[PDB]
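Text of start01.pdb (PDB, C-alpha atoms (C1' of nucleotides) and all ligand atoms) as supplied:
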```pdb
ATOM      1  CA  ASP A   5     122.328 147.119  69.940  1.00  0.00           C
ATOM      2  CA  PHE A   6     123.424 144.343  72.329  1.00  0.00           C
ATOM      3  CA  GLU A   7     121.864 141.027  73.461  1.00  0.00           C
ATOM      4  CA  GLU A   8     118.815 141.904  75.601  1.00  0.00           C
ATOM      5  CA  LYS A   9     117.218 139.071  77.612  1.00  0.00           C
ATOM      6  CA  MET A  10     114.013 139.446  79.601  1.00  0.00           C
ATOM      7  CA  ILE A  11     114.141 138.533  83.310  1.00  0.00           C
ATOM      8  CA  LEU A  12     110.524 138.637  84.528  1.00  0.00           C
ATOM      9  CA  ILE A  13     107.208 140.338  83.778  1.00  0.00           C
ATOM     10  CA  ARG A  14     104.367 140.857  86.239  1.00  0.00           C
ATOM     11  CA  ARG A  15     100.870 142.287  86.339  1.00  0.00           C
ATOM     12  CA  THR A  16     100.296 144.633  89.245  1.00  0.00           C
ATOM     13  CA  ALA A  17      97.158 146.616  90.049  1.00  0.00           C
ATOM     14  CA  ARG A  18      95.588 149.475  92.013  1.00  0.00           C
ATOM     15  CA  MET A  19      92.066 150.252  93.209  1.00  0.00           C
ATOM     16  CA  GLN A  20      89.406 152.746  92.187  1.00  0.00           C
ATOM     17  CA  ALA A  21      85.621 152.941  92.493  1.00  0.00           C
ATOM     18  CA  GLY A  22      84.229 150.534  89.909  1.00  0.00           C
ATOM     19  CA  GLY A  23      87.112 148.108  89.731  1.00  0.00           C
ATOM     20  CA  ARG A  24      90.847 147.660  89.595  1.00  0.00           C
ATOM     21  CA  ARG A  25      93.029 149.315  86.996  1.00  0.00           C
ATOM     22  CA  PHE A  26      96.314 147.692  86.025  1.00  0.00           C
ATOM     23  CA  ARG A  27      99.931 147.945  84.990  1.00  0.00           C
ATOM     24  CA  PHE A  28     102.655 145.527  83.904  1.00  0.00           C
ATOM     25  CA  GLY A  29     106.315 145.384  84.884  1.00  0.00           C
ATOM     26  CA  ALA A  30     109.450 144.477  82.987  1.00  0.00           C
ATOM     27  CA  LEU A  31     112.818 143.676  84.499  1.00  0.00           C
ATOM     28  CA  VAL A  32     115.366 143.350  81.730  1.00  0.00           C
ATOM     29  CA  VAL A  33     119.096 142.753  81.228  1.00  0.00           C
ATOM     30  CA  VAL A  34     121.320 143.561  78.240  1.00  0.00           C
ATOM     31  CA  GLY A  35     124.835 142.710  77.076  1.00  0.00           C
ATOM     32  CA  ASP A  36     127.029 142.184  74.029  1.00  0.00           C
ATOM     33  CA  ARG A  37     129.025 139.598  76.024  1.00  0.00           C
ATOM     34  CA  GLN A  38     132.327 141.472  76.197  1.00  0.00           C
ATOM     35  CA  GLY A  39     132.003 142.863  79.710  1.00  0.00           C
ATOM     36  CA  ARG A  40     129.171 145.304  79.154  1.00  0.00           C
ATOM     37  CA  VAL A  41     125.713 144.987  80.696  1.00  0.00           C
ATOM     38  CA  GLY A  42     122.790 147.088  81.844  1.00  0.00           C
ATOM     39  CA  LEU A  43     119.764 146.456  84.019  1.00  0.00           C
ATOM     40  CA  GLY A  44     116.492 148.220  83.339  1.00  0.00           C
ATOM     41  CA  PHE A  45     113.052 148.140  84.899  1.00  0.00           C
ATOM     42  CA  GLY A  46     110.013 149.135  82.853  1.00  0.00           C
ATOM     43  CA  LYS A  47     106.433 149.851  83.883  1.00  0.00           C
ATOM     44  CA  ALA A  48     103.679 150.510  81.327  1.00  0.00           C
ATOM     45  CA  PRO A  49      99.889 150.171  80.579  1.00  0.00           C
ATOM     46  CA  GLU A  50     100.652 147.141  78.413  1.00  0.00           C
ATOM     47  CA  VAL A  51     102.908 144.071  78.160  1.00  0.00           C
ATOM     48  CA  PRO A  52     104.885 144.951  74.989  1.00  0.00           C
ATOM     49  CA  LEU A  53     105.313 148.660  75.772  1.00  0.00           C
ATOM     50  CA  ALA A  54     106.723 147.732  79.177  1.00  0.00           C
ATOM     51  CA  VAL A  55     109.146 145.247  77.656  1.00  0.00           C
ATOM     52  CA  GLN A  56     110.162 148.029  75.280  1.00  0.00           C
ATOM     53  CA  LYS A  57     110.895 150.586  78.022  1.00  0.00           C
ATOM     54  CA  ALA A  58     112.884 147.780  79.649  1.00  0.00           C
ATOM     55  CA  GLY A  59     115.680 147.809  77.079  1.00  0.00           C
ATOM     56  CA  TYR A  60     115.594 151.590  76.805  1.00  0.00           C
ATOM     57  CA  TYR A  61     116.623 152.198  80.449  1.00  0.00           C
ATOM     58  CA  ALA A  62     118.655 148.999  80.215  1.00  0.00           C
ATOM     59  CA  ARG A  63     120.995 150.567  77.672  1.00  0.00           C
ATOM     60  CA  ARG A  64     120.759 153.879  79.527  1.00  0.00           C
ATOM     61  CA  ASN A  65     122.425 152.461  82.655  1.00  0.00           C
ATOM     62  CA  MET A  66     125.179 149.922  81.983  1.00  0.00           C
ATOM     63  CA  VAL A  67     128.431 148.736  83.544  1.00  0.00           C
ATOM     64  CA  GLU A  68     132.000 147.718  82.675  1.00  0.00           C
ATOM     65  CA  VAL A  69     132.386 144.115  83.818  1.00  0.00           C
ATOM     66  CA  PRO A  70     136.139 143.493  83.988  1.00  0.00           C
ATOM     67  CA  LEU A  71     136.240 139.832  82.902  1.00  0.00           C
ATOM     68  CA  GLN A  72     139.268 137.546  83.005  1.00  0.00           C
ATOM     69  CA  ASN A  73     139.553 134.120  81.386  1.00  0.00           C
ATOM     70  CA  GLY A  74     135.791 134.466  81.111  1.00  0.00           C
ATOM     71  CA  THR A  75     135.319 134.448  84.881  1.00  0.00           C
ATOM     72  CA  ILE A  76     135.691 137.315  87.395  1.00  0.00           C
ATOM     73  CA  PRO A  77     138.507 139.218  89.199  1.00  0.00           C
ATOM     74  CA  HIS A  78     137.732 138.828  92.917  1.00  0.00           C
ATOM     75  CA  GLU A  79     135.094 137.353  95.245  1.00  0.00           C
ATOM     76  CA  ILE A  80     132.522 139.799  96.630  1.00  0.00           C
ATOM     77  CA  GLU A  81     129.306 139.957  98.621  1.00  0.00           C
ATOM     78  CA  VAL A  82     126.712 142.718  98.427  1.00  0.00           C
ATOM     79  CA  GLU A  83     123.489 143.428 100.268  1.00  0.00           C
ATOM     80  CA  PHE A  84     120.781 145.437  98.559  1.00  0.00           C
ATOM     81  CA  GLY A  85     118.423 146.107 101.441  1.00  0.00           C
ATOM     82  CA  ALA A  86     117.177 142.666 102.440  1.00  0.00           C
ATOM     83  CA  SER A  87     118.555 140.741  99.490  1.00  0.00           C
ATOM     84  CA  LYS A  88     122.187 139.590  99.549  1.00  0.00           C
ATOM     85  CA  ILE A  89     124.296 138.077  96.758  1.00  0.00           C
ATOM     86  CA  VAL A  90     127.565 136.207  96.676  1.00  0.00           C
ATOM     87  CA  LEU A  91     129.759 136.092  93.561  1.00  0.00           C
ATOM     88  CA  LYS A  92     132.742 133.728  93.685  1.00  0.00           C
ATOM     89  CA  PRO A  93     135.047 133.161  90.657  1.00  0.00           C
ATOM     90  CA  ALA A  94     135.534 129.669  89.207  1.00  0.00           C
ATOM     91  CA  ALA A  95     138.258 128.073  87.072  1.00  0.00           C
ATOM     92  CA  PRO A  96     137.739 127.751  83.291  1.00  0.00           C
ATOM     93  CA  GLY A  97     135.131 125.094  82.622  1.00  0.00           C
ATOM     94  CA  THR A  98     132.666 125.182  85.501  1.00  0.00           C
ATOM     95  CA  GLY A  99     129.472 126.838  84.374  1.00  0.00           C
ATOM     96  CA  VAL A 100     127.406 129.830  85.387  1.00  0.00           C
ATOM     97  CA  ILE A 101     125.626 128.529  88.510  1.00  0.00           C
ATOM     98  CA  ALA A 102     122.926 130.905  89.746  1.00  0.00           C
ATOM     99  CA  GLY A 103     119.214 131.610  89.816  1.00  0.00           C
ATOM    100  CA  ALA A 104     117.503 132.902  86.681  1.00  0.00           C
ATOM    101  CA  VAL A 105     117.997 136.512  87.801  1.00  0.00           C
ATOM    102  CA  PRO A 106     121.728 136.472  88.588  1.00  0.00           C
ATOM    103  CA  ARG A 107     122.528 134.005  85.805  1.00  0.00           C
ATOM    104  CA  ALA A 108     120.735 135.962  83.073  1.00  0.00           C
ATOM    105  CA  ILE A 109     122.457 139.157  84.190  1.00  0.00           C
ATOM    106  CA  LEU A 110     125.740 137.207  84.400  1.00  0.00           C
ATOM    107  CA  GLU A 111     125.579 135.611  80.944  1.00  0.00           C
ATOM    108  CA  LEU A 112     125.274 138.733  78.837  1.00  0.00           C
ATOM    109  CA  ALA A 113     127.926 140.232  81.095  1.00  0.00           C
ATOM    110  CA  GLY A 114     130.113 137.519  79.597  1.00  0.00           C
ATOM    111  CA  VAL A 115     130.990 135.248  82.527  1.00  0.00           C
ATOM    112  CA  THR A 116     131.099 131.504  81.895  1.00  0.00           C
ATOM    113  CA  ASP A 117     132.718 130.301  85.107  1.00  0.00           C
ATOM    114  CA  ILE A 118     131.224 131.793  88.293  1.00  0.00           C
ATOM    115  CA  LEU A 119     129.911 130.481  91.660  1.00  0.00           C
ATOM    116  CA  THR A 120     126.879 132.389  92.959  1.00  0.00           C
ATOM    117  CA  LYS A 121     124.656 132.267  96.055  1.00  0.00           C
ATOM    118  CA  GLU A 122     121.375 134.092  96.567  1.00  0.00           C
ATOM    119  CA  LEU A 123     120.985 134.906 100.270  1.00  0.00           C
ATOM    120  CA  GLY A 124     118.528 137.123 102.069  1.00  0.00           C
ATOM    121  CA  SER A 125     115.334 138.288 100.409  1.00  0.00           C
ATOM    122  CA  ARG A 126     115.053 136.524  97.075  1.00  0.00           C
ATOM    123  CA  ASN A 127     112.909 139.283  95.535  1.00  0.00           C
ATOM    124  CA  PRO A 128     113.634 138.889  91.796  1.00  0.00           C
ATOM    125  CA  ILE A 129     113.721 142.608  91.249  1.00  0.00           C
ATOM    126  CA  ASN A 130     115.953 143.238  94.252  1.00  0.00           C
ATOM    127  CA  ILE A 131     118.324 140.404  93.461  1.00  0.00           C
ATOM    128  CA  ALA A 132     118.957 141.925  90.071  1.00  0.00           C
ATOM    129  CA  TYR A 133     119.545 145.394  91.524  1.00  0.00           C
ATOM    130  CA  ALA A 134     121.939 143.602  93.873  1.00  0.00           C
ATOM    131  CA  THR A 135     123.833 141.650  91.221  1.00  0.00           C
ATOM    132  CA  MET A 136     124.654 144.887  89.395  1.00  0.00           C
ATOM    133  CA  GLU A 137     126.120 146.826  92.318  1.00  0.00           C
ATOM    134  CA  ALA A 138     128.186 143.694  92.805  1.00  0.00           C
ATOM    135  CA  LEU A 139     129.755 143.874  89.367  1.00  0.00           C
ATOM    136  CA  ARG A 140     129.923 147.649  89.580  1.00  0.00           C
ATOM    137  CA  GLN A 141     132.294 147.113  92.506  1.00  0.00           C
ATOM    138  CA  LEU A 142     134.632 144.722  90.736  1.00  0.00           C
ATOM    139  CA  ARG A 143     138.402 145.465  90.728  1.00  0.00           C
ATOM    140  CA  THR A 144     141.451 144.152  88.839  1.00  0.00           C
ATOM    141  CA  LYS A 145     145.082 144.014  90.023  1.00  0.00           C
ATOM    142  CA  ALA A 146     145.453 147.096  87.861  1.00  0.00           C
ATOM    143  CA  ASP A 147     142.902 149.586  89.166  1.00  0.00           C
ATOM    144  CA  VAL A 148     143.770 148.161  92.557  1.00  0.00           C
ATOM    145  CA  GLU A 149     147.407 149.314  92.772  1.00  0.00           C
ATOM    146  CA  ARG A 150     146.353 152.242  90.571  1.00  0.00           C
ATOM    147  CA  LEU A 151     144.958 153.680  93.827  1.00  0.00           C
ATOM    148  CA  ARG A 152     148.007 152.671  95.849  1.00  0.00           C
ATOM    149  CA  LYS A 153     150.308 154.933  93.841  1.00  0.00           C
ATOM    150  CA  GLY A 154     151.337 158.094  95.690  1.00  0.00           C
TER     151      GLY A 154
ATOM    152  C1'   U B   1     138.285 122.491  91.250  1.00  0.00           C
ATOM    153  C1'   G B   2     133.596 124.376  95.058  1.00  0.00           C
ATOM    154  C1'   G B   3     128.062 127.340  96.539  1.00  0.00           C
ATOM    155  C1'   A B   4     121.071 127.792  91.211  1.00  0.00           C
ATOM    156  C1'   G B   5     116.388 127.650  93.736  1.00  0.00           C
ATOM    157  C1'   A B   6     110.778 127.803  93.169  1.00  0.00           C
ATOM    158  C1'   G B   7     105.294 127.748  94.897  1.00  0.00           C
ATOM    159  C1'   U B   8     102.063 129.808  98.961  1.00  0.00           C
ATOM    160  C1'   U B   9      99.844 135.573 103.606  1.00  0.00           C
ATOM    161  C1'   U B  10      97.798 140.793  99.718  1.00  0.00           C
ATOM    162  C1'   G B  11      93.513 144.456  95.047  1.00  0.00           C
ATOM    163  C1'   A B  12      98.759 145.139  94.445  1.00  0.00           C
ATOM    164  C1'   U B  13     104.012 146.187  97.076  1.00  0.00           C
ATOM    165  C1'   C B  14     108.102 145.486 100.118  1.00  0.00           C
ATOM    166  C1'   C B  15     109.756 142.940 104.429  1.00  0.00           C
ATOM    167  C1'   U B  16     109.484 138.857 108.291  1.00  0.00           C
ATOM    168  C1'   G B  17     108.177 134.145 108.662  1.00  0.00           C
ATOM    169  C1'   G B  18     106.382 128.943 108.605  1.00  0.00           C
ATOM    170  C1'   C B  19     104.499 125.251 105.669  1.00  0.00           C
ATOM    171  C1'   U B  20     105.614 122.721 100.631  1.00  0.00           C
ATOM    172  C1'   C B  21     108.611 120.840  96.319  1.00  0.00           C
ATOM    173  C1'   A B  22     112.392 119.515  92.820  1.00  0.00           C
ATOM    174  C1'   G B  23     118.250 116.351  94.904  1.00  0.00           C
ATOM    175  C1'   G B  24     121.155 112.595  96.866  1.00  0.00           C
ATOM    176  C1'   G B  25     120.938 108.193  99.924  1.00  0.00           C
ATOM    177  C1'   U B  26     118.676 102.922 102.133  1.00  0.00           C
ATOM    178  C1'   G B  27     120.316  95.452 104.809  1.00  0.00           C
ATOM    179  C1'   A B  28     114.348  98.398 102.528  1.00  0.00           C
ATOM    180  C1'   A B  29     109.286  97.090 101.804  1.00  0.00           C
ATOM    181  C1'   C B  30     104.682  97.901  98.669  1.00  0.00           C
ATOM    182  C1'   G B  31     102.092  98.346  93.530  1.00  0.00           C
ATOM    183  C1'   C B  32     102.351  97.405  88.034  1.00  0.00           C
ATOM    184  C1'   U B  33     105.976  94.771  84.866  1.00  0.00           C
ATOM    185  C1'   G B  34     109.709  91.495  84.395  1.00  0.00           C
ATOM    186  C1'   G B  35     114.605  88.462  79.464  1.00  0.00           C
ATOM    187  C1'   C B  36     120.319  87.328  80.507  1.00  0.00           C
ATOM    188  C1'   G B  37     125.082  87.883  83.339  1.00  0.00           C
ATOM    189  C1'   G B  38     128.911  89.478  86.658  1.00  0.00           C
ATOM    190  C1'   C B  39     129.920  91.340  91.452  1.00  0.00           C
ATOM    191  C1'   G B  40     127.914  92.463  96.085  1.00  0.00           C
ATOM    192  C1'   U B  41     123.979  91.796  99.472  1.00  0.00           C
ATOM    193  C1'   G B  42     119.574  89.459 102.191  1.00  0.00           C
ATOM    194  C1'   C B  43     115.251  88.460 110.250  1.00  0.00           C
ATOM    195  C1'   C B  44     116.598  95.951 111.107  1.00  0.00           C
ATOM    196  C1'   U B  45     110.708  92.615 114.356  1.00  0.00           C
ATOM    197  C1'   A B  46     110.601  88.193 119.502  1.00  0.00           C
ATOM    198  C1'   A B  47     118.489  88.434 123.049  1.00  0.00           C
ATOM    199  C1'   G B  48     110.867  84.562 121.422  1.00  0.00           C
ATOM    200  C1'   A B  49     110.375  79.330 121.150  1.00  0.00           C
ATOM    201  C1'   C B  50     112.721  74.945 118.363  1.00  0.00           C
ATOM    202  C1'   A B  51     112.217  68.652 115.519  1.00  0.00           C
ATOM    203  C1'   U B  52     116.378  66.246 112.309  1.00  0.00           C
ATOM    204  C1'   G B  53     121.712  66.417 110.670  1.00  0.00           C
ATOM    205  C1'   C B  54     126.312  68.643 111.084  1.00  0.00           C
ATOM    206  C1'   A B  55     129.425  72.715 113.096  1.00  0.00           C
ATOM    207  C1'   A B  56     135.910  69.335 117.392  1.00  0.00           C
ATOM    208  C1'   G B  57     139.110  67.113 117.812  1.00  0.00           C
ATOM    209  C1'   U B  58     143.398  64.679 117.199  1.00  0.00           C
ATOM    210  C1'   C B  59     148.653  61.700 118.562  1.00  0.00           C
ATOM    211  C1'   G B  60     150.048  53.649 118.585  1.00  0.00           C
ATOM    212  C1'   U B  61     156.736  57.840 117.788  1.00  0.00           C
ATOM    213  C1'   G B  62     153.369  58.870 125.902  1.00  0.00           C
ATOM    214  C1'   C B  63     151.156  53.648 128.499  1.00  0.00           C
ATOM    215  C1'   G B  64     148.108  48.963 129.522  1.00  0.00           C
ATOM    216  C1'   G B  65     144.378  45.951 127.679  1.00  0.00           C
ATOM    217  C1'   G B  66     139.227  44.231 124.937  1.00  0.00           C
ATOM    218  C1'   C B  67     137.054  42.429 120.125  1.00  0.00           C
ATOM    219  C1'   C B  68     138.276  41.244 114.769  1.00  0.00           C
ATOM    220  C1'   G B  69     141.731  39.769 110.832  1.00  0.00           C
ATOM    221  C1'   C B  70     147.094  38.626 109.714  1.00  0.00           C
ATOM    222  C1'   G B  71     152.470  35.739 110.349  1.00  0.00           C
ATOM    223  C1'   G B  72     155.697  32.672 114.359  1.00  0.00           C
ATOM    224  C1'   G B  73     157.270  26.848 119.373  1.00  0.00           C
ATOM    225  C1'   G B  74     159.192  26.840 124.796  1.00  0.00           C
ATOM    226  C1'   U B  75     158.675  21.060 128.875  1.00  0.00           C
ATOM    227  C1'   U B  76     157.689  15.979 124.720  1.00  0.00           C
TER     228        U B  76
HETATM  229 MG    MG C 201     120.031 143.942 106.577  1.00  0.00          MG
HETATM  230 MG    MG C 202      97.966 139.400 106.702  1.00  0.00          MG
HETATM  231 MG    MG C 203      95.055 136.335  96.349  1.00  0.00          MG
HETATM  232 MG    MG C 204     118.096  90.776 115.824  1.00  0.00          MG
END
```
Take the structure from the file and write it as structure tokens.
Ligand SMILES: [Mg+2]
Ligand SMILES: [Mg+2]
Ligand SMILES: [Mg+2]
Ligand SMILES: [Mg+2]
Amino acid sequence: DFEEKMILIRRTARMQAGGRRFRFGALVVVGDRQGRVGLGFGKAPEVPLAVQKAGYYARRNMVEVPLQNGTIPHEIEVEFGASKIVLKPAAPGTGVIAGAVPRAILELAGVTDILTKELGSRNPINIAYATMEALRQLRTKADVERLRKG
RNA sequence: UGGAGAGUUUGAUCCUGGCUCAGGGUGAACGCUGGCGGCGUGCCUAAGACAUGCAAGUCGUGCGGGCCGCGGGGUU
């Protein structure tokens, strides 16, 4: 068990003679607040069920966010298709400035002091997906020179 | 020591893309309302037209006299 906050939920739909069937979507984040988080997307015939599946995959796929002072190691940019995200580390006592998507994800990941910018396609879903791969690719002075051994 | 976005093309999706909004600002004006003070600020329009008053003068230690009001006899 971790935190588990719910990003957004939508009602989609398809066609079929007679009318339109349906489906709901659940994009969800999860994190103790120690440097561990997981994003999960859940589709299901009903609101609650979907929100459930959310957390399930959420916990399934999670990442080691190497914090530091409560901020972040280095500044990075990542593009996920059409949606691009900028993560830039702030000094203690700043705030977590971001949209609902990147902020939510960033809170449970721990961070308290981070500068963020949401460029490109601002597709909620895709921003999330983007935010993760960002963290995923975070390095510390350690694992840095850990590769420049030889 | 510094960086948040959202609504809106579709049965739904993703993308592109414009329109729209929340902010801050002003020698402001307009509506409704209106108690006190301090500090600022107040014809952005017709460089249109203007009554009245004032905004530029001063030195008798540069010089000669006019009027007014002071004191003082050279030829008897
Ligand atoms: Mg691209
Ligand atoms: Mg069309
Ligand atoms: Mg419609
Ligand atoms: Mg003028």
Could you write out as a PDB file with C-alpha atoms (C1' of nucleotides), keeping the file's coordinate frame the residues that the PyMOL selection byres (((not hetatm)) within 12 of (chain C and resi 204)) matches in the shown file?
```pdb
ATOM      1  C1'   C B  43     115.251  88.460 110.250  1.00  0.00           C
ATOM      2  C1'   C B  44     116.598  95.951 111.107  1.00  0.00           C
ATOM      3  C1'   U B  45     110.708  92.615 114.356  1.00  0.00           C
ATOM      4  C1'   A B  46     110.601  88.193 119.502  1.00  0.00           C
ATOM      5  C1'   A B  47     118.489  88.434 123.049  1.00  0.00           C
ATOM      6  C1'   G B  48     110.867  84.562 121.422  1.00  0.00           C
TER       7        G B  48
END
```
Please put the answer as JSON: centre and edge lengths, in Å with one decimal, of a box along x, y and z that encloses all listed atoms of segment 45-63 of chain B plus 5 Å on each side.
```
{"center_x": 133.6, "center_y": 73.1, "center_z": 119.6, "size_x": 56.4, "size_y": 49.0, "size_z": 27.8}
```
Using all atoms listed in the file, I'd like every residue of chain B that has an atom within 9 Å of chain A; please write them out as an MDAnalysis selection string.
chainID B and resid 1:5 11:13 15
Please identify all protein, DNA and RNA residues within 12 Å of ligand MG 202 (chain C), counting all atoms listed in the file, and report them as a ChimeraX atom specification.
/B:9-10,16-17
Assuming the chain letters and numbering stay as they are in my file, what does the PyMOL selection byres (((chain B and resi 20) around 8) and not hetatm) actually select? List them as a PDB file with C-alpha atoms (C1' of nucleotides), keeping the file's coordinate frame.
```
ATOM      1  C1'   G B   7     105.294 127.748  94.897  1.00  0.00           C
ATOM      2  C1'   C B  19     104.499 125.251 105.669  1.00  0.00           C
ATOM      3  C1'   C B  21     108.611 120.840  96.319  1.00  0.00           C
TER       4        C B  21
END
```
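You will find atom CA of residue 51 of chain A at 17.0 Å from atom CA of residue 129 of chain A.
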Name all residues at most 12 Å from residue 142 of chain A (count all atoms listed in the file; drop same-chain ones fewer than 5 positions away) and give them as a ChimeraX atom specification.
/A:39,67-72,75-82,91-93,135-137,147-148
Residues picked by the PyMOL selection byres (((not hetatm)) within 9 of (chain C and resi 201)) here, as JSON, numbers by chain?
{"A": [83, 84, 85, 86, 87, 88, 124]}
Tell me which of A:42, A:128, A:99, A:154 sits closest to residue 14 of chain A, counting all atoms listed in the file.
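Result for the nearest residue to residue 14 of chain A: A:128.
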Expressed in Å to a single decimal, how great is the separation between atom CA of residue 10 of chain A and atom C1' of residue 8 of chain B?
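About the pair atom CA of residue 10 of chain A and atom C1' of residue 8 of chain B: they are 24.7 Å apart.
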Hey, what's within 8 Å of residue 34 of chain A if we count only C-alpha atoms (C1' of nucleotides) and toss same-chain stuff fewer than 3 positions away? As a ChimeraX atom specification, please?
/A:6-9,41-43,59,62-63,109,112-113
So the first atom is atom CA of residue 29 of chain A and the second is atom CA of residue 46 of chain A; what is the distance between them in Å, to one decimal place?
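Taking atom CA of residue 29 of chain A and atom CA of residue 46 of chain A, their separation equals 5.6 Å.
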From the list A:110, A:32, A:89, A:21, the nearest residue to residue 44 of chain A using all atoms listed in the file is A:32
